[PDB]
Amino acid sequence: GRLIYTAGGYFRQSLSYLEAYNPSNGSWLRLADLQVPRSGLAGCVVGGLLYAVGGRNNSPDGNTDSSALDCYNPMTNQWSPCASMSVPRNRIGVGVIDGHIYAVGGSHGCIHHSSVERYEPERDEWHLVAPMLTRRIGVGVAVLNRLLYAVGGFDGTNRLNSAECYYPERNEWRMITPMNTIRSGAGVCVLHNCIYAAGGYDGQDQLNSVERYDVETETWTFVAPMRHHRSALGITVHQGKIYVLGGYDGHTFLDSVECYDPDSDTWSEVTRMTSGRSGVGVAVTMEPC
């Protein structure tokens, strides 16, 4: 089976948890803690390693933004440090193209990054690429058809409905059609030919709305809203279904996990995380050991 891994997050302070959910049987496993607690990080998978990227350690003893890339091997249930990024990136978004990891945006203190860098596992090296046209933290990132999309976020002044696309062979960013909704800290992922943006914060409210961008039509369309309003949710795709994990609804750090069936256009509660949290990193890979 493949599992949905949730790494880090926030409740009262930044968390070190790594836990893995099995959609086939409803079970959660607690696995090895992150070496450093972090919220506002991103997860991704390349070649059966799980990567935790960026974030911030919000702790009683200080707040430290992370430039870390940490490598988890499910076969050994151990974390190893991999090469650090050029800069700390809190409230980061990540995407994988052709075995390479793109780290997009995020903050370092009051610095809101437009910069983007790319990691090569074979060399354990990061290299900067062209920066986005817009500074974005709490940025949603997805990959469709080997193109990288940066969606919404916060530019240091305004939360954003704008989005843009990176063309690797041109090393160039271009704006796409903006969303219908301003969203910072949305969950962004890809399913079929569409980029989904679920939830987020608009500077006033946490959102339950969900909309999707069809690369062929260049339009955003709303689908059914989630059962819960959520900002700083985790999101992933497992077998043609979107799963959203946790986040903040204006009142509670949610343990709710919901999944979306695109054929019925419905959201269903699927499970609860072992404890409520937001700002997690999420990805899917093989079950450990």
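Numbering starts at 1 and runs along the sequence shown.
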Check your understanding: Out of 172-180 and 140-148, which one has CA B-factors that are higher on average in the deposited record?
Key -> 172-180
Review point. Comparing 193-201 with 69-77, which stretch shows the greater average C-alpha B-factor in the deposited entry?
Key: 69-77
Revision key, fill the gap. Highest CA B factor of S115, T157, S84, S209, as deposited, is found at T157
Study note, to complete from the structure: In this crystal structure's PDB entry, the residue among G43, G250, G40, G246 with the greatest CA B factor is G250
Check your understanding: Would the CA B-factor of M273 place it in the lowest, middle or highest third of its chain?
Key -> highest
Review point. By the record's CA B-factor, is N161 among the lowest, middle or highest third of residues in the chain?
Key: middle
Exercise for review: For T236, return the chain-relative third of its C-alpha B-factor as stated in the PDB record: lowest, middle or highest.
Suggested key: lowest
**Study point:** Lowest, middle or highest third - CA B-factor, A103
**Key:** lowest
Exercise for review: Just say lowest, middle or highest third for the CA B-factor of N90 relative to the other modelled residues in its chain.
Suggested key: lowest
